[PDB]
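Asks: Residue numbers (the entry's author numbering), protein chains in the order written: chain H, 37 to 212; chain m, 2 to 174; chain r, 1 to 202, 212 to 318; chain K, 1 to 97; chain j, 1 to 41, 49 to 113; chain C, 106 to 365; chain T, 88 to 169; chain S, 1 to 70; chain I, 108 to 263.
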Amino acid sequence: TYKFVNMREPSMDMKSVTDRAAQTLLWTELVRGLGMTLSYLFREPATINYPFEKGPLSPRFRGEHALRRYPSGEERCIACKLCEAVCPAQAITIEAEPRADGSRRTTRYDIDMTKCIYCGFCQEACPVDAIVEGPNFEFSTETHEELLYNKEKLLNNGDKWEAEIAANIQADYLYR
Amino acid sequence: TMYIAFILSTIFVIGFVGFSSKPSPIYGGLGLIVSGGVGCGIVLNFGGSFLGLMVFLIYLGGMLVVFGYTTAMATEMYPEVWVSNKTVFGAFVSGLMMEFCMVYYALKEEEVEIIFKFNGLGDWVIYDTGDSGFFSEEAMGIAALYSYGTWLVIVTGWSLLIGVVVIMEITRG
Amino acid sequence: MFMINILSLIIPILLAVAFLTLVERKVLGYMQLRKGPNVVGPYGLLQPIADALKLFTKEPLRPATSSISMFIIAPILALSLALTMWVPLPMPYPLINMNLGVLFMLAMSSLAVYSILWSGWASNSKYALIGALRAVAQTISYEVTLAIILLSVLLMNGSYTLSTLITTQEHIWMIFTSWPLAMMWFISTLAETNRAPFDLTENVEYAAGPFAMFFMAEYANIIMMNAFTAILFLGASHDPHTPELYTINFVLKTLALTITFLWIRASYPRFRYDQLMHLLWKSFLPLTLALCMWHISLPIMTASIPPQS
Amino acid sequence: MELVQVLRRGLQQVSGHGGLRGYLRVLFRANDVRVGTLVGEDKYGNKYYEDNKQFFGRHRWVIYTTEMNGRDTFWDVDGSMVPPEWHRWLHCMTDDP
Amino acid sequence: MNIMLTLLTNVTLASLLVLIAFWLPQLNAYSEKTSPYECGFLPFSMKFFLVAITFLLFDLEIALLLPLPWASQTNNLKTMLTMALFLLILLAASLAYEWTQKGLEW
Amino acid sequence: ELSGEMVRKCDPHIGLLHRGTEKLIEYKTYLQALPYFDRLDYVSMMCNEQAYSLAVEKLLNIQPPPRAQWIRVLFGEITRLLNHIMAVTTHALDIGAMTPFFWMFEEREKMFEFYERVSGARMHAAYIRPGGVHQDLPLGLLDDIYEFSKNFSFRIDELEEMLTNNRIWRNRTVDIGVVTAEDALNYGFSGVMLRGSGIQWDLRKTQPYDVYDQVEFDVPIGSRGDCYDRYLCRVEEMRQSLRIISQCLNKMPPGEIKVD
Amino acid sequence: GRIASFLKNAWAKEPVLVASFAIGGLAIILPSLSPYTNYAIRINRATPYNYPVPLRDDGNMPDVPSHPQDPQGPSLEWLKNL
Amino acid sequence: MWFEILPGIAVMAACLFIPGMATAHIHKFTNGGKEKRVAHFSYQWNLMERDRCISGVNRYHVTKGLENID
Amino acid sequence: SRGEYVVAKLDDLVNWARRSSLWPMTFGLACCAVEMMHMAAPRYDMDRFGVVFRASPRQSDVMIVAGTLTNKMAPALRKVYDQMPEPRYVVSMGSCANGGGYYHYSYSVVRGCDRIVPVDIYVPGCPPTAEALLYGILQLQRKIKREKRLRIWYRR
Ligand code: SF4
Ligand code: SF4
Ligand code: SF4
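1) 8 Å is my cut-off, CB to CB: does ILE168/m come that close to chain r?
2) Interface residues of chain H around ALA275/r at Cβ under 8 Å?
3) Residue range of the beta strand (DSSP E) that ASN52/K falls in?
4) Do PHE173/H and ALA173/I have their C-beta atoms closer together than 8 Å?
5) Have a look at the DSSP bridge pairing and note the partners of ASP146/H.
6) Could you round the C-beta distance between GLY30/m and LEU65/m to whole angstroms and report it? I think they count as a contact, below 8 Å.
7) Less than 6 Å between C-beta atoms, sequence neighbours within five positions excluded: which residues of the same chain meet that for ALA275/r?
8) Is it buried or exposed for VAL223/C, if we count other Cβ within 10 angstroms and need 16 for buried?
9) Shorter than 7 Å, the distance from the beta carbon of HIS189/C to the closest heavy atom of ligand 3, or not?
10) For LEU83/r, count the other beta carbons within 10 Å of its own beta carbon; 16 or more makes it buried, fewer makes it exposed. Which is it?
11) Determine the direct distance from the alpha carbon of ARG335/C to that of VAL102/r, and round the result to whole angstroms.
12) Interface residues of chain j around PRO118/T at Cβ under 8 Å?
13) Quick one, are the C-beta atoms of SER176/H and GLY243/I less than 8 Å apart?
14) Please name the residue in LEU151/r, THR269/r, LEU271/r whose C-alpha comes closest to that of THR297/r.
15) Measure how close the beta-carbons of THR124/T and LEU84/j come, nearest whole angstrom, since I'm counting them as under 8 Å.
16) Which residues mark the beginning and the end of the beta strand (DSSP E) in which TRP61/K is found?
17) Relative to the alpha-carbon of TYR138/T, which residue among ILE59/m, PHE135/m, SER21/m has its alpha-carbon at the smallest distance?
18) Counting only beta-carbon separations shorter than 8 Å, does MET1/S have a partner in chain H?
19) Check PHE142/C in the structure and name its three-state DSSP category.
20) Just jot down, in chain order, the residues whose CB lies closer than 7 Å to any heavy atom of ligand 2.
21) Can you check whether the C-beta of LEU33/r is within less than 8 Å of a C-beta belonging to chain H?
22) Beta-carbon separation of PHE156/I and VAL87/r under 8 Å?
23) Whose Cβ in chain m lies nearer than 8 Å to the Cβ of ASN83/j?
24) What does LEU70/H reach in chain S if we use C-beta pairs closer than 7 Å?
25) Can you tell me where the beta strand (DSSP E) with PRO316/r in it begins and where it stops?
26) Measuring from the CB of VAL164/H, is there a heavy atom of ligand 1 at a distance below 7 Å?
27) Around the Cβ of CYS115/C, are there at least 16 other Cβ atoms within 10 angstroms (buried) or fewer (exposed)?
28) If you measure from the beta carbon of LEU92/j to each beta carbon in chain T, is any gap under 8 Å?
29) Under 7 Å Cβ-Cβ, which residues of chain r neighbour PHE22/j?
30) Output yes or no for whether 8 Å exceeds the beta carbon distance between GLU24/r and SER123/r.
31) Would you report the Cα separation of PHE160/I and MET132/I, rounded to the nearest angstrom?
32) Counting C-beta neighbours from all protein chains within 10 Å, is the total for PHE176/r 16 or more, i.e. buried, or is it exposed?
33) At the 8 Å Cβ level, is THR60/H part of the contact set with chain T, yes or no?
34) What residues from chain I crowd round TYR37/j, counting only those whose CB sits closer than 9 Å?
35) Using the Cα positions of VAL284/C and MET343/C, report the straight-line distance between them to the nearest angstrom.
36) Does any residue of chain K have a CB that is nearer than 8 Å to the CB of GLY156/H?
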């Protein structure tokens, strides 16, 4: 149940003492370690050639948030605002009004990525699969204002990444 | 370059004035390193290669480095140069002036005599025409210490060992 | 033409140091399963140039030096001594042939120590002085053992002439005769250049250019010390008609020794000041003294006293 | 010996990039000189290659186009240039090009 | 003259590089860091000096041991060997004294 | 307060990363509070979630499904490998040995992929949630876990080859920071600190949680209480963790991943 | 007996010092107990650093060699054999 | 892989090779296509100074043989 | 003109040197430091790009704020930043460094390192993946490449 690390008495056999002194004087263990690093030298390096080569990723990856649309072209978001509630960082700000047609369409869907923790609770909460974190992890900006994403920005992100987002959802919806 | 040795000797005197002006220890230590390096040059010019490297390796390399070690750990001084406050600046300038007066009275007047008689002729004259063959007179004589100077070796070694003892006894508090 | 020789000794060494930086980066990376600089130029061949240009354009900050005078002399001394130490080295023919070249090398290393003291003292920084004094202590212990080992190995050379080492090691490398001294000598060289595991991580006040020159001087000293080890122990065949053979073999040996310097750097944890000095005073020094006794007695008892001339 | 085979493979890589000019071009634009089957090319011009022999992470790579969306990318190879559909395959989200 | 030339060239090259590294790079205008060296105010431990004095003495004994290579050519080999061994034994004795007594504290 | 080179009073000043997490938790729901625990120990992420999940489940008087408990333990031991790799490598890196850090960090990168494959995020997963785990393992994940664990033992041995026997490493660790067993208990030390001094205590054994009672492993116990023994303990914990991982990969039961 | 245990203990605990004492001790005892020490002395004397100043022949010096190379005089054949 | 380091090492090797080759070539070029003579002891220098006089052009490299005699 | 051509080419040379040999300082504060280490880990290997982790802030060019900048740590960050030599660039990694992220409404968390120090590149994520951080550094390199410090001096 318990193992004794260390706790090993040294044998005082003259041969054993001789080998121990040989290790001390001839620096055997240091040579052993040196050989280990030399072996590491002749291995194949594990560096990928960024950005020409990208690291492995799974379909469940969570990244840039994106607002999706139905195949007809109507925004899936029906302004339930439960994604706003579930958001543990209070990053989503949703304001909705009855559209000219009469449906629940948000007039404001603002998420500050600078406050979002990329948890993924929003996509798990949405009952129409509207807000789904996309696959894009490389969206660094130079100004803080850019991080704060408007509803228009989210819609454009959805339109840009829709193919991949839909493919990933199709590849993962069964697990969810 | 016939008077190179004289130039070196003058620079040696200048450095001695520099560190003898008692400046800030750090600046003085340099005044001594410079003079020490010059003196090594003079010794080399006379042919004492081993002795020239002796002062460079021991005096400049170790003796003055341990001196600097102390000045660095016990640093309680306001840094100042040789041309700083008049106490050091005036002393440095006056020493240089005395040396220059000696030089002028030595070159313009061949037989300069202050306390000893000096001749203004270039030091190259004093060099002796002779061949040592496959020999290093300096090296051979110094190596003879182990053969001829056994007594010197004994006394010097005992002095060194007792010096270690004394240093510890003094710096035990 | 002699000035041409001086330039052909100085400039190539500096370029070699510049590329040694890249070589070290790549070697350490590939020993860490990483690719060293590979983007800046083909295989990173332009990396040292990029580093130099960036350094000589970075805003130099002033470190409130108590004595600019001294703060500026320290880099000059380090670089000049590093350049000078290469002069007596016999690549088969030395630039300046000294009967006592070995002692000249030792003296030059001894003066180099001052650069450390001057840098810390003039830096006006308590931590700087402390670290500088630690460097003084480290180089203090190496010099004793280094001198003893050098004397003991030269007891079979017959003089302090560096060129004679080639003749002495004509048939057999000196290492096969004095391998324990070789081990202690290599470790002492590591200690001298503060190469790991004898570093004291955590003259930093130097900014850009000054720092760059101190770095260059240190790495040139690394290469020079490895060359000294090569000439001392790893003798090379010299054909008087074709010296290029000796030059090639010697260069290869020096490169191997520098590669071993990097290989040790990324193989072992750094020592502690107490441990480093309890090595260079209580393990190496007694053994060096005993081996010096042995290397004095051996030529006499074996009638193998080398020729004086 | 196998060393000769390695050198010959290097020369084959030189040829496979379309001569010395292309070999240097991929060497200085991508810092990699291995060749692989051209899986496909997007409309923007980026070409995608896959070599199963290479270990996971370097099996698939993309050579970015010289000009994309009215921007010179001969040297400025932005990581976001990859189109969304190729993003899945390149990032190993799916095994289907 | 050759060695003097080498020394001159090395020193001048180093000083020129120091010039182009201390005064040339600071010509480029980089605004002004109005940042004062905020200073508001001594570890003279023997632990350091002891390392220094002992080194001085051991270096002195090493100086006496330098002429050994040429001393091996003497006809009085027995006497030279005895003296050399004596100097080495004294070095070892000094080291032993410090080690056995309160020394080598570094 | 240093007597030149000797430490007399080392006053640790903390709060440079005090973010008021506990107060923020009070203003958020139980589900919303789970991501906070991932941040607390940013080296061991899922282990933090498990502790919070068990606490909520205990108050809820519910039992996570059997499959989830095995999944929690499997990733929990994977998480233990992550921290022990980080602890040993970074400790060696600060001491000076830099090569082992990069060697084991690639394996750490591989394990991060396992996190991302099952949760979609590399470090912070929020996968272990009160009631079970968020989703079921993606088809093929277990197979890759077996492949990594198969070759991971060699990597640990390579680490030992470069550190364990190295005299410099021993000099920097042996007889350093020795803690008496009685002091460790009184000072509230736990984990490796207790085991390092010889105290035979391990919650996974004494107070089994989830299915740790259904796995067989050995608790490394120190003998001298110095840093070196604790270094050996952490290494051995990595080895015994692989033992637990193999068992979990061979005992993963069929079922749901959340309480029904 | 007791000394033998001490040596084993010393080599077990401080092998470096034990080796240093042994090497130093041999470097003192072995020189006296070596026949080539006599040769080493002779070789040093044999080496003709300085000119062998000739002596004026008086007619009563049979041993002294009054010739370039004939049997009279010292021989270096011993060294040649070595 | 590991052979990627070889370029930098080769460049450094050429840089280090330049000094020794330069020294040898300059020595031979300035010393009449012969190894530069050494003067470690006065006797060697005395031979050089005599050789300089014998040459007649104040250069020790040029050596006069039996043709110069008689 | 010829003067413009010379200045532009020299400016490009200076830009190349700095962007090629960027030396970052690891201001690792929180979880994001771990991913930063994974960037320097063999898989990504920032050193391959010439970006070598310079421990000394006095010899650094990029300050990567990785973690939650608390009020207690805030003065230290600025003081370290002004002790950096120029040109100096600040890269904010992580939502906590960007705008406080999970702790935006905390009583002792700075609402973004932008308040304390001017930021050049913001890397989003919690934690941003090592590639994203590597992407940000490359974006900073391109940002340096676009800089025309000399050209503006000549055209002044
Ligand atoms: S949860 Fe979905 S449907 Fe509801 S407001 Fe958010 S995006 Fe719209
Ligand atoms: S992923 Fe998380 S942080 Fe981002 S919007 Fe959704 S709930 Fe908020
Ligand atoms: S952004 Fe996320 S990972 Fe980074 S420090 Fe903040 S909470 Fe931690």
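Backbone N, C-alpha and C define an ideal beta-carbon position, used for all residues, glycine too.
Replies: Reading it off the structure:
1) In the second sequence, the residue the question calls residue 168/m occupies position 167. For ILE168/m, the answer is no, since every Cβ of chain r falls outside 8 Å of its Cβ.
2) Position 266 of the third sequence holds residue 275/r. Chain H residues near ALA275/r: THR73.
3) Taking the first residue of the fourth sequence as 1, we reach residue 52/K at position 52. It is not in any beta strand (DSSP E) - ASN52/K carries neither H nor E in the DSSP assignment.
4) By one-based count along the first sequence, residue 173/H stands at place 137. By one-based count along the ninth sequence, residue 173/I stands at place 66. No, the Cβ-Cβ distance between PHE173/H and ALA173/I is not below 8 Å.
5) Numbered from 1 along the first sequence, position 110 holds the residue referred to as residue 146/H. Answer by DSSP bridge pairing, in chain order: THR129/H.
6) Taking the first residue of the second sequence as 1, we reach residue 30/m at position 29. Taking the first residue of the second sequence as 1, we reach residue 65/m at position 64. That belief holds up - the Cβ atoms of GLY30/m and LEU65/m are roughly 6 Å apart, short of 8 Å.
7) In the third sequence, counting from the first residue as 1, residue 275/r sits at position 266. So the qualifying residues of the chain are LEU28, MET31.
8) If you number the sixth sequence from 1, residue 223/C lands on position 118. Buried: at least 16 other Cβ atoms inside 10 Å.
9) As a first step, residue 189/C is located in the sixth sequence; it is residue number 84 there, counting from the start. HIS189/C: no, Cβ never under 7 Å from ligand 3.
10) On the third sequence, residue 83/r is found 83 positions in, with the first residue counted as 1. Buried, by the Cβ-count rule.
11) Your numbering for residue 102/r matches position 102 in the third sequence. Your numbering for residue 335/C matches position 230 in the sixth sequence. Rounded to the nearest angstrom, the two C-alpha atoms are 48 Å apart.
12) Here residue 118/T refers to the residue found at position 31 when the seventh sequence is read from its first residue. Residues of chain j passing the Cβ test: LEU88.
13) What you label residue 176/H is simply residue 140 of the first sequence in a count that begins at 1. What you label residue 243/I is simply residue 136 of the ninth sequence in a count that begins at 1. Yes, Cβ-Cβ distance for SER176/H and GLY243/I is below 8 Å.
14) Position 288 of the third sequence holds residue 297/r. Comparing Cα-Cα distances from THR297/r to each of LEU151/r, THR269/r, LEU271/r, the minimum goes to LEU151/r.
15) To locate residue 124/T, count along the seventh sequence from 1; it is residue 37. To locate residue 84/j, count along the fifth sequence from 1; it is residue 77. Yes, they are in contact, since the Cβ atoms of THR124/T and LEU84/j sit about 7 Å apart, within 8 Å.
16) The residue given as residue 61/K occupies position 61 in the fourth sequence. 60 to 63 is the span of the beta strand (DSSP E), which, as asked, contains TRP61/K.
17) Locating residue 138/T in the seventh sequence gives position 51, counting from the first residue. Answer by Cα proximity: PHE135/m.
18) Here the question's residue 1/S lines up with position 1 in the eighth sequence. For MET1/S, the answer is yes, since a Cβ of chain H falls inside 8 Å of its Cβ.
19) In the sixth sequence, the residue the question calls residue 142/C occupies position 37. Helix, per DSSP.
20) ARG98/H, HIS101/H, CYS119/H, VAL122/H, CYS123/H, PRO124/H, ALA125/H, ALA127/H, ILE128/H, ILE147/H, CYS152/H, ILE153/H, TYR154/H, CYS155/H, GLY156/H, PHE157/H, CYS158/H, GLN159/H, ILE167/H, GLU169/H
21) Indexing the third sequence from 1 puts residue 33/r at position 33. So, interface residue.
22) As a working mapping, residue 156/I is identified with position 49 in the ninth sequence. As a working mapping, residue 87/r is identified with position 87 in the third sequence. Against a cut-off of 8 Å, the Cβ pair of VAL87/r and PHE156/I comes out as no contact.
23) Position 76 of the fifth sequence, counting from 1, holds the residue named residue 83/j. Chain-ordered, the chain m residues with CB closer than 8 Å to the CB of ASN83/j read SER148.
24) Translated into positions along the first sequence, residue 70/H becomes position 34. Here the premise fails: no neighbours, minimum Cβ distance about 16 Å.
25) Counting from one through the third sequence, the residue named residue 316/r turns up at place 307. Note, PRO316/r: premise wrong, no beta strand (DSSP E); not H, not E.
26) Indexing the first sequence from 1 puts residue 164/H at position 128. At least one heavy atom of ligand 1 is nearer than 7 Å to the Cβ of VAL164/H, so yes.
27) Residue 115/C sits at position 10 when you count from the first residue of the sixth sequence. So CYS115/C counts as exposed.
28) Locating residue 92/j in the fifth sequence gives position 85, counting from the first residue. Yes, contact with chain T.
29) The residue labelled residue 22/j in the question sits at position 22 within the fifth sequence. Those are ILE72, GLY218, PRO219, listed as they occur along chain r.
30) Start at 1 with the first residue of the third sequence, and residue 24/r comes out as number 24. Start at 1 with the first residue of the third sequence, and residue 123/r comes out as number 123. No, they are not a contact pair.
31) Start at 1 with the first residue of the ninth sequence, and residue 160/I comes out as number 53. Start at 1 with the first residue of the ninth sequence, and residue 132/I comes out as number 25. Between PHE160/I and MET132/I, the C-alpha separation is close to 6 Å.
32) For this step, residue 176/r is matched to residue 176 along the third sequence. Exposed: under 16 other Cβ atoms inside 10 Å.
33) Along the first sequence, read from residue 1 onward, the residue named residue 60/H stands at position 24. Yes, because at least one Cβ of chain T sits closer than 8 Å to the Cβ of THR60/H.
34) The count along the fifth sequence starts at 1 and reaches residue 37/j at position 37. What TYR37/j touches in chain I: nothing, since even the nearest Cβ is about 11 Å away.
35) The count along the sixth sequence starts at 1 and reaches residue 284/C at position 179. The count along the sixth sequence starts at 1 and reaches residue 343/C at position 238. Rounded to whole angstroms, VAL284/C and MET343/C show a C-alpha spacing of 23 Å.
36) Translated into positions along the first sequence, residue 156/H becomes position 120. By this cut-off, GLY156/H is not an interface position.
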